[PDB]
2 protein chains.
Amino acid sequence: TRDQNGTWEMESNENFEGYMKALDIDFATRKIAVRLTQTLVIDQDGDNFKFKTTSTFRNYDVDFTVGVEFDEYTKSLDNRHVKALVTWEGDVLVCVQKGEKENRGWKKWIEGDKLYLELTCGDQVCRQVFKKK
Amino acid sequence: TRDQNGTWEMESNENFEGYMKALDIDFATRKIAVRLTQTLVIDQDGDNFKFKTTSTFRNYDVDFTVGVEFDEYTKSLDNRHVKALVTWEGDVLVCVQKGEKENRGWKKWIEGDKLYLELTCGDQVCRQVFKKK
Ligand SMILES: *C/C=C(C)/C=C/C=C(C)/C=C/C1=C(C)CCCC1(C)C
């Protein structure tokens, strides 16, 4: 049984922090790492191996069409049910989420090879910039 | 352009902490969140959108051939340089990482339909079990 190909999902984890302390990994990093799950992807072809380990905190998917108001559940983020309306205003993707939180939504657009995201809630605006891999 | 298709990886994130307290998220989740990185895949069909978001703490990618020494820089973990060599011991894949840490390496093998991983460094053994997806 030398074939280890596949996508492996962690089931159990013994003495993880003690091992990280042996590596002298700082306390704050250890306390975040002990929470998350782990997925190991192994691509094996003869004697040539490739591993990739991902930490992952939370996943988040959503599908919609512009102009169609739809009831959405903010999976993993805060687990709230909201009515969402994504519309165009020029070539900026603007969404307003109706619910128990004041002034909630986001704005998306592209300039060059960069995605520009602005999330708003209350008087807090979070500005993120993405690069295309 | 209104076309936002592609995989995007976050490169900068501002006021994410303030935006999150606006959503009444506990400070334990906030400390985990402000240090991850987000991968967003956008599937677009004119006006029908589909977003897939992944937040990730750290990644550990390796590629090697069994039986040939390879230099490794453990950025993402403890940031050390080691001389790694991977061999088979029957059905057990054995790796030795020669460097500053004593007895540093790991062992990986298939048992039943599960993958077993034992990470060693000095006196500490981290044991992990994986199921196949
Ligand atoms: C053959 C399998 C190997 C070498 C698996 C290695 C994975 C680790 C040593 C895990 C490392 C992690 C941390 C120390 C903290 C957070 C990030 C991880 C999951 C990559």
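What's counted below: heavy atoms across the whole structure, side chains too, no hydrogens, waters or symmetry copies. Proteins get letters first, then strands, A, B, ... in listed order; numbering begins at 1 in each. Note that ligands are numbered from 1 as they come in the structure, with each ligand's atoms numbered from 1 the same way.
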| field | Shortest reach to atom 1 (C) of ligand 1 by a heavy atom, considering only B:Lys108, A:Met20, A:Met10 | value |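 Looking at heavy atoms only, B:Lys108 sits closest to atom 1 (C) of ligand 1.
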
| said: Using a 4.0 Å cut-off to any heavy atom of A:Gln38, which atoms of ligand 1 qualify? | reply: 19 (C)

| said: Show the atoms of ligand 1 that are less than 4.0 angstrom away from any heavy atom in A:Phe51. | reply: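 Selected atoms, number and element: 1 (C).
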
| task | Answer yes or no: does atom NZ of A:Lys101 have more than 12 heavy-atom neighbours from other residues, nucleotides or ligands under 6.0 Å? | result | yes

Looking only at protein heavy atoms, identify the closest one to [atom] and say how far it is in Å.
atom                    : value
atom 7 (C) of ligand 1  : A:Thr53 OG1, 4.1 Å
atom 4 (C) of ligand 1  : B:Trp106 NE1, 3.2 Å
atom 8 (C) of ligand 1  : B:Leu119 CD1, 4.1 Å
atom 15 (C) of ligand 1 : A:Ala33 CB, 3.8 Å
atom 18 (C) of ligand 1 : B:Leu77 CD2, 4.0 Å

Starting at [atom1] of [X], measure out to [atom2] of [Y] and round the result to the nearest 0.5 Å.
X       : Y        : atom1 : atom2 : value
A:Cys95 : A:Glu72  : SG    : CD    : 6.5 Å
B:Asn15 : A:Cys126 : CG    : SG    : 6.5 Å
A:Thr54 : B:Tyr60  : OG1   : OH    : 14.5 Å

| request: Answer with side chain, backbone, both or neither: which part of B:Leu117 has a heavy atom less than 4.0 angstrom from an atom of ligand 1? | output: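 Side chain only.
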
| message | A cation-pi test, strictly: NZ or CZ of B:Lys108 under 6.0 Å from the centre of the six-membered ring of A:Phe51 and no more than 45 degrees from its axis. Yes or no? | response |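 Yes, a cation-pi geometry holds between B:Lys108 and A:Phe51.
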
| task | Write out all pairs satisfying side-chain hydrogen bond (donor to acceptor under 3.5 Å, both in side chains) with one or both partners inside residues 77-96 of chain A, taking only residues at least two apart or from two chains. | result |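 Pairs touching residues 77-96 of chain A that pass the test: A:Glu69-A:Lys83, A:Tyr73-A:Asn79, A:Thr74-A:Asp78, A:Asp78-A:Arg80, A:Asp78-A:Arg104, A:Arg80-B:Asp24, A:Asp91-B:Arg2.
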
| request: Would you mind listing every salt bridge (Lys or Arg N to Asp or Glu O under 4.0 Å) that reaches into residues 39-56 of chain A, with sequence neighbours excluded? | output: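 As it turns out, there is no salt bridge (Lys or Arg N to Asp or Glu O under 4.0 Å) pair with a partner in residues 39-56 of chain A once direct neighbours are skipped.
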
